[PDB]
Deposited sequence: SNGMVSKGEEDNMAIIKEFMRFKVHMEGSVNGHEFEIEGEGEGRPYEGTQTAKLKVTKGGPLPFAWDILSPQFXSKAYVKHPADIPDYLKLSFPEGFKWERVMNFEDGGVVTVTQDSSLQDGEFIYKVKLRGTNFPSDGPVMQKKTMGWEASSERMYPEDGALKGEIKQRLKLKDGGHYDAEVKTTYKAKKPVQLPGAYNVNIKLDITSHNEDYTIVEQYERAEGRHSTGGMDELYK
């Protein structure tokens, strides 16, 4: 009973990282409804705070078990549990900033356990990340496809800026089950991540995400599966 995916699941997360050489750690806890595609988390900076950069570059690194999938697509990442999966991401921002991430996901004692390692580099001094001028992510579409025995996703991800401008990243992620799992074909995932509350210096932050997979081929019949 401590090794299955219930309709309500909690998670714990630890992140160690650096951005432009500034080392930090985060610990958090979350919860959500994996088959509905919804989740929330509360994150706390436990080393290196206050962070001298925008929280928003970290927020997408805190949970793909909580994606609502069509009934006729193998839910590769759910299927990988309890052992779980690993993911690796590269984000290329339009001003030369780069974020690379690796992550381990497992199911232990009835909760998901996430361990994240992050390296952000080359953010410019007069850009919005190092000056905390961002204001959350627009909804995204992640184009998923199998490749080389893993599941890949690509996103053109748009960060809102306080001045009404926008700031784009190109993102690629590899998601790989720890044991062999049947891979899906290509499909898309619609995602929206919100920061629902935070303290003044973003050392305590609450997030919400909704994510839903959809077929990208198959005509009307493959809609709303």
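- Residues of the deposited sequence that lack C-alpha coordinates fall in the stretches 1 to 11, 74.
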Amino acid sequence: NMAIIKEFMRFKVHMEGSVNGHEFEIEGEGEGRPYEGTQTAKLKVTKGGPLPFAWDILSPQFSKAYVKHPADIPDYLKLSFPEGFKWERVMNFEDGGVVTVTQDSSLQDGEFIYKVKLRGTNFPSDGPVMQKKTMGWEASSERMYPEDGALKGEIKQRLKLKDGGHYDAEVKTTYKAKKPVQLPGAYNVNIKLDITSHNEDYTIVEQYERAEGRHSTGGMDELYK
From here on, numbers count along this sequence of modelled residues.
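- The stretch with the higher mean CA B factor, choosing between 136 to 144 and 101 to 109, is 101 to 109.
- For the pair 22 to 30 and 166 to 174, the mean B factor over Cα atoms is greater in 22 to 30.
- Per the deposited coordinates, the residue with the largest Cα temperature factor out of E83, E94, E154, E88 is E83.
- Compared with the other modelled residues of the chain, the Cα B-factor recorded for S63 ranks in the middle third.
- Ranked by Cα temperature factor within the chain, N199 sits in the highest third according to the deposited record.
- Among the modelled residues of its chain, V129 has a C-alpha B-factor that falls in the lowest third according to the deposited record.
- Among the modelled residues of the chain, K42 sits in the middle third by CA temperature factor in this PDB entry.
- In the deposited entry, the Cα temperature factor of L183 places it in the highest third of its chain's modelled residues.
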